[PDB]
Amino acid sequence: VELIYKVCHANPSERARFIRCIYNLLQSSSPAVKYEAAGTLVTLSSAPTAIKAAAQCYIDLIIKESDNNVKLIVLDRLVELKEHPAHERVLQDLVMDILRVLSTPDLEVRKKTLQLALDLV
Amino acid sequence: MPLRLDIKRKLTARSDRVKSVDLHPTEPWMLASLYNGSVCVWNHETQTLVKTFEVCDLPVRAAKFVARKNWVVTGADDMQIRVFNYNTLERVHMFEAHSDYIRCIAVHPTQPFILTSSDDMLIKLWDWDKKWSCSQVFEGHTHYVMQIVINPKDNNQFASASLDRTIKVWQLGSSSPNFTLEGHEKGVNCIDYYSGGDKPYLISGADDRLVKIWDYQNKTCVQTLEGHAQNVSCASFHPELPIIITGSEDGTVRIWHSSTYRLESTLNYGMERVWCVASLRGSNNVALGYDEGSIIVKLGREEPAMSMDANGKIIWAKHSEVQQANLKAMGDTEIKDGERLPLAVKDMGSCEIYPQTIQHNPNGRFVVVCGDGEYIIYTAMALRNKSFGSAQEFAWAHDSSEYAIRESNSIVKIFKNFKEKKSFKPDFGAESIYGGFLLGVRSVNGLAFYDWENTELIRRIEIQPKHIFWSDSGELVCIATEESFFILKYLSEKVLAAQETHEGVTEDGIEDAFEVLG
Amino acid sequence: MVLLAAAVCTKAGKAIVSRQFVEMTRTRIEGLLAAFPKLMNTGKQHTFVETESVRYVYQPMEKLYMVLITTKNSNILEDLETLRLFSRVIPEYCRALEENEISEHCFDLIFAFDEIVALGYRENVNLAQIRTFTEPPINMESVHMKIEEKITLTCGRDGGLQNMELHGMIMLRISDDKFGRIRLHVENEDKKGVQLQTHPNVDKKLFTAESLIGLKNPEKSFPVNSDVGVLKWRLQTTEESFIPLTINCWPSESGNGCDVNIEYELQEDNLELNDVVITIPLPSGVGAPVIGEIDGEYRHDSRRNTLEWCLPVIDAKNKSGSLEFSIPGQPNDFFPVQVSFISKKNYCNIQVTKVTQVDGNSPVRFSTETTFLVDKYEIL
């Protein structure tokens, strides 16, 4: 017997069902910002660069939902980390620069990152 | 002498005598090497034990992480340093580091090297990349090499402490110690450097009850630290804070201010015989090895004290173009919001006390330096002594010519024009204070708001706060709470009838005078 | 089962010791464990790895794999947790994993496996547990009373009352000027079941004879919930409640087929019920029915396996039907018939004897109405 009216009431078991129940009550344009899904998810690619590369992808997606032309593919939500105020301190673009890569982190993360610079902006 | 501290027990673990304690070079984990023949590591932030390794069945004196390889080096009474992968859980390598058990290991992240110090009176070098071949052997020490540390200004240099009453500074290139320091008089248990790019320092600890500070640049002994009232097992330098943390076999740890060597604290735990110390290089965690276990402890000062007025005097203490003892700072710069703005400091006159908290007035007329149960008021931009007062805590309110203080008599105090207000004195007790117009005082699992009119209990909110700040109209308040945040309405008229009537209970209040807006 | 097997493996290419909870994976156990655990369960140093459509959870210990396998799953935390508890239990028996010592304590490990996971459902174990085993307008003044009640009944074919209970309330809607005191008089009630609630502003009066309740009514409509029984109560239909309908069922064995006659009886002929339906169930091997009824419409419904008779309004009436059945099996016991009905009376027998109002002249009790509804009304 699953689905609660509450937030919880306690314990890992209730907690595990709860992220399933949350995805129901907001399906809309992926989870966007991953819920209690995040904990199992890292181990799913323990070998080792692939986790960061994946993580980088989600973080880029999350920033904004742009036009979505050829390699401008960022989904998730339109505003939730914006892009580009001129009063924002120390700005969004600092994280965007990582994604522009020569190899600036390692090659698996690099391939993901170049696509990801292209994708947000 | 005063210093921002707050000793906190981050994680404890009970085990047979832990000779070495370490923080993981780049990870939030601390590794302790035990006499269980096991080394164990725990990440003392989430309170999860990440992994254990059974190095030997006889004590492991030393353990450290070579973070880049994702490996841990241990040296045990196998007279071996055995290497393991701390995520693929298996023994990476096994090698004989020495002819005797390995007291300490030091890791050079920039080079493939570990040098290990052993009580075969020799320190040997091993290169992890060669599969733990013996790169270099250092012959210099004629006694039991208790500890090794790498100098952070030249990693090619390390110092080793031996119970031979010297700490010898060696270079990798040279088997022999390229110079000797005679750092102690009853053998040197430990050597440490005071970390940084501009700090040439050594420390020696000895069983003459004493820790000694040495300057390696000048070669003189800067001062002698009382250490402990029994043989100093180890001594180390904290990087950020000006203190030395020492441990002794009397089960006591003492903290000494490194500016006059007057006792900052004495800590015992019911674990006793404190063998080692080590400090985190990124600062504010020190870990100490004891007979009955290990502890990882978290030191205070996490955040700076400063305040921005309307005169562009943004005042801090410490920092650049400002001294800690005196007071200064200005910030008149408006360069782009996207980066950190320059210091932009302009000089500011006299001070007489230490700044526990140092703050400008919110509209610029006063400066307050608070410190040692006293507040001293200095004038906004002239810094002549305006006023004085008592304050274990000082907070400007909204009024900022009325302020709240904790005078620590069990009543939260208001001082107005820096002169005490006794028309303000809670019918709660006190345990702590929140500023703003209705002073929040926390007592008996309550937050009580008091009037600056007759000090009656207006209301009590049943979730205690982090803060109360009141708007500059004093009808609206913003409450920082573990709840998250409240905005409350103080209905002024309702308060005037209630307060006069004193229908508001001594410790529970009247639930009408205040109302919960959101 | 959700958990096929719980298995200790050597990556020598064989299952060293293993447990088959119920006879399924005998030889199967060895081949799975032998191929997959050799490759680290095909893992990459990840606790969950799935290969050949079987979930393998594991932990490496030496050249050996302690392995849990599932091909179905109920929860994330659980699979790890049985493996984990297993990993506390296994060094007590074998001092880590190692094929020869694992081999010698087949019995120990195997017994723990049965105990830990029973019929594939992850029970819990512990090293101590293991031991036991191996051991002003007043012109307007008017008042209206509405008694709404539902009655429930369970009855035998014999007509045994079994259990019954009436639930109801009497709502009053009154337009009265001033504040008038009202006294309510009602019949006296008894209840096998229990429940009575009184509205505030209800006073209880003690009289030598007869019982009385008095109250100032709120204006408009409100639940009276007067004193006495109350004007909000659960009374037992058993206690003096009338059951508007009694059903007499006569099933008959026509032989191959079955003939069912259903008799319905109502209270006084004058009173008529409405919305009445009789649900007469039928057996699974239905064939088809032919039903005849003097009043209303009756229809057989497959799926429901019930014949439903509906009557808009009835003084009282009856129906009959003949059923055709293929006869598989033996005779089947009958299921109860249920009825829905509406009656313009309360069968809790609440009667409003008199409600006299004071503080003024006679008000008009324009109307008192009773709505009676069927609750779970079942008769076999």
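Heads up, the Cβs are rebuilt from the backbone with ideal geometry, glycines too, and the neighbour counts pull from every protein chain shown. None of the figures in this text is laboratory data; all of them are computed from the coordinates on show.
Each pair of Cα atoms in the stretch B:66-223 enters the Kirkwood radius, and Stokes-Einstein at 25 °C and 0.890 mPa s then converts it into a translational diffusion coefficient of 157 µm²/s. Using a Debye calculation, one point per C-alpha and no hydration shell, please list log10 I(q)/I(0) for the stretch C:34-150 at q = 0.20, 0.21 Å⁻¹ in order. Treating every Cα as an identical point scatterer, log10 I(q)/I(0) equals -1.17, -1.26. For the peptide C:329-335, the mean number of other protein chain Cβ atoms found within 10 angstrom of a residue's Cβ is 0. Among the trypsin sites (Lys or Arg not before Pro) within the stretch C:1-41, which fall in a DSSP loop and have no more than 11 other Cβ atoms within 10 Å of their own Cβ? The qualifying sites are C:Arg26.
Suppose every K and R has +1 on its Cβ and every D and E has -1 on its Cβ; what is the size of the dipole of the stretch C:1-117 about the Cα centre, in Debye to the nearest 20?
Numbers: 13 positive and 16 negative charges, 83 e Å.
The calculation lands at about 400 debye.
Identify the trypsin sites (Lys or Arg not before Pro) of the stretch A:53-121 meeting these criteria: DSSP loop state and at most 14 other C-beta atoms within 10 Å of the C-beta. Answer by residue number: A:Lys71, A:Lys82, A:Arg89, A:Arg100.
Place the peptides B:151-161, B:6-16 in order of packing, highest mean first, counting for every residue the other Cβ atoms within 10 Å and averaging per peptide.
Details: B:151-161: 20.8, B:6-16: 14.7.
Top of the packing list down: B:151-161, B:6-16.
Projecting label points 7 angstrom from Cα along Cα→Cβ for C:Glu101 and A:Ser66 puts them 5.9 nm apart. One Cα centroid belongs to the stretch B:182-223, the other to the stretch B:341-383; the line between them spans 36 Å.
Looking at the stretch B:1-56, I'd like the Rg to Rh ratio, where Rg is from alpha-carbon atoms and Rh is Kirkwood's inverse mean 1/r. Present the calculation step by step, with values, prior to reporting the outcome.
Numbers: Rg = 13.2 Å, Rh = 12.4 Å.
Checking Rg against Rh, the ratio lands at 1.06.
Debye-formula intensities of the protein assembly as shown, expressed as log10 I(q)/I(0) at q = 0.09 Å⁻¹, are -1.21 (one equal scatterer per alpha-carbon, no solvent).
Name the shape class, rounded, prolate or oblate, that the alpha-carbon gyration tensor gives for the stretch B:249-354, where a ≥ b ≥ c are the square roots of its eigenvalues, rounded holds for a/c under 1.5, and otherwise prolate holds if a/b is larger than b/c and oblate otherwise. Prolate, because a/c is 1.5 or more and a/b exceeds b/c. In terms of other Cβ atoms within 10 Å, B:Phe237, C:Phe242 run from fewest to most in the order C:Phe242, B:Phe237.
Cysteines in chain B that lack a partner Cβ within the 4.7 Å cut-off: B:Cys40, B:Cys56, B:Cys104, B:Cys134, B:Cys221, B:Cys351, B:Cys370, B:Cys478.
Here C:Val117, B:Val169 are placed in order of increasing Cβ neighbour count within 10 Å, fewest first, which gives B:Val169, C:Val117.
Which trypsin sites (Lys or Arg not before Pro) does the stretch C:282-373 hold that lie in a coil by DSSP with at most 10 other beta carbons within 10 Å? Don't jump to the answer; show the numbers that get you there.
Details: sites: C:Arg299, C:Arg303, C:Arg304, C:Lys317, C:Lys319, C:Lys344, C:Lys345, C:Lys354, C:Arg365; in loops: C:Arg303, C:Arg304, C:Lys317, C:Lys344, C:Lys345.
Here the sparse-neighbourhood loop sites are C:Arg303.
The angle between the Cα long axis of helix B:492-501 and the main principal axis of chain B comes to about 80°, on a 0 to 90 degree scale. A crude spin-label estimate for the pair B:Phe388 and A:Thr40, with each label 7 Å from Cα along the Cβ direction, gives 6.8 nm.
Between B:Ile105, B:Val72, B:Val169, the Cα set farthest toward the positive side of the dipole of the stretch B:56-201 (charges on each charged residue's Cβ, about the Cα centre) is that of B:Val72. Non-local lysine pairs in the stretch C:1-147, meaning eight or more places apart or on different chains, with alpha-carbon distances under 29 Å, amount to 13. The Cα atoms of the stretch C:109-180 cover 93, 46, 21 Å along the three principal axes, with the biggest extent listed first. Neighbouring Cβ atoms from other chains, within 10 Å of the Cβ of residues in A:42-48, number 3 on average. For chain A, the percent of C-alpha pairs falling in each 10 Å distance bin, counted from 0 to the bin holding the largest distance, reads 12, 34, 32, 17, 5, 0. Compute the Cα gyration tensor for the stretch B:159-218, then decide on rounded, prolate or oblate, letting a ≥ b ≥ c be the square roots of its eigenvalues: rounded whenever a/c is under 1.5, prolate when a/b is larger than b/c in the other cases, and oblate in all that remain. Since a/c reaches 1.5 but b/c is at least a/b, the shape of the stretch B:159-218 is classed as oblate.
Give me the dipole magnitude in Debye, nearest 20, for chain B about the Cα centre, with unit charges on the beta carbon: positive for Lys and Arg, negative for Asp and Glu.
Values: 54 positive and 69 negative charges, 284 e Å.
Using only the charged Cβ atoms, the result is roughly 1360 debye.
Taking the Cα centre of the stretch B:201-291 as reference, the dipole from Cβ charges on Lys and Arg (+1) and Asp and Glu (-1) amounts to some 240 debye.
Fraction of C-alpha pairs exceeding 26 angstrom in chain C: 68 percent, rounded to a whole number.
Jot down the per residue volume, in cubic angstrom and as a whole number, of the convex hull over the alpha-carbon atoms of the stretch B:373-518.
Numbers: hull volume 14.7 nm³, N = 146.
Here the figure is 101 Å³ per residue.
Model label points for B:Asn454 and B:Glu302, set 7 angstrom from Cα along the Cα-to-Cβ axis, are 4.2 nm apart.
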